[PDB]
Protein chains: 2
Amino acid sequence: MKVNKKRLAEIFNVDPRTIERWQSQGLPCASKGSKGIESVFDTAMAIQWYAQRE
Amino acid sequence: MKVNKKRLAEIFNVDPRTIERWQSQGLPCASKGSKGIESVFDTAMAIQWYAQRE
């Protein structure tokens with residue numbers, strides 16, 4: 001499902017800054033947050049990403 | 001974060017049925033539902049488990 005960074009961080013039980021670390025590592029964010037609009041992530045997509053690194 | 005079977009299924013973008021099958025393969029439940037009270041899953045616990053599958 002589509003969530004923002006806050007919810008995404010709340011789902012993975014990590015700090016936002018850790019979520020942003022992952023973003024530098026290629027975790028895709030479906031739509032980059034531009035100018036008063038937040039970045040929106042796909043949760044299954046993020047989970048697939050987390051799962052590949054191991 | 002604490003979620004119900006429906007919410008967890010939406011996060012993985014899978015059927016509620018899939019969550020039940022994963023529970024049978026060792027996906028941990030923070031609170032097993034029984035009657036009308038409903039199951040509680042831990043999303044972090046869920047993601048670490050899934051990520052240890054492959």
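These values consider heavy atoms only, across backbone and side chains, with no hydrogens, waters or symmetry-generated copies. Below, read A as the first sequence line, B as the second, and so on, with proteins coming before strands; counting in each chain starts at 1.
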Please report the shortest heavy-atom distance between A:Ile11 and B:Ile11, naming the atom on each side.
-> CG2-CG2, 4.0 Å

To the nearest 0.5 Å, atom OH of A:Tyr50 lies from atom CD1 of B:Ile47 at 8.0 Å

Does A:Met45 belong to the same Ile/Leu/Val/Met/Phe/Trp/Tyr cluster as A:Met1, with side-chain heavy atoms less than 4.5 Å apart forming each link?
-> no

How far does CD of A:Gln52 sit from CD of B:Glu54, to the nearest 0.5 angstrom?
-> 13.0 Å

So how far is it from A:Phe12 CZ to B:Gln48 CD, rounded to the nearest 0.5 Å?
-> 10.5 Å

Does B:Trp49 belong to the same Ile/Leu/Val/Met/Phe/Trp/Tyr cluster as B:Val40, with side-chain heavy atoms less than 4.5 Å apart forming each link?
-> no

Spacing of A:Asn13 atom CG and B:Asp42 atom CG [to the nearest 0.5 Å] = 7.0 Å

Got more than 12 heavy atoms from elsewhere within 6.0 Å of CZ, B:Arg53?
-> yes

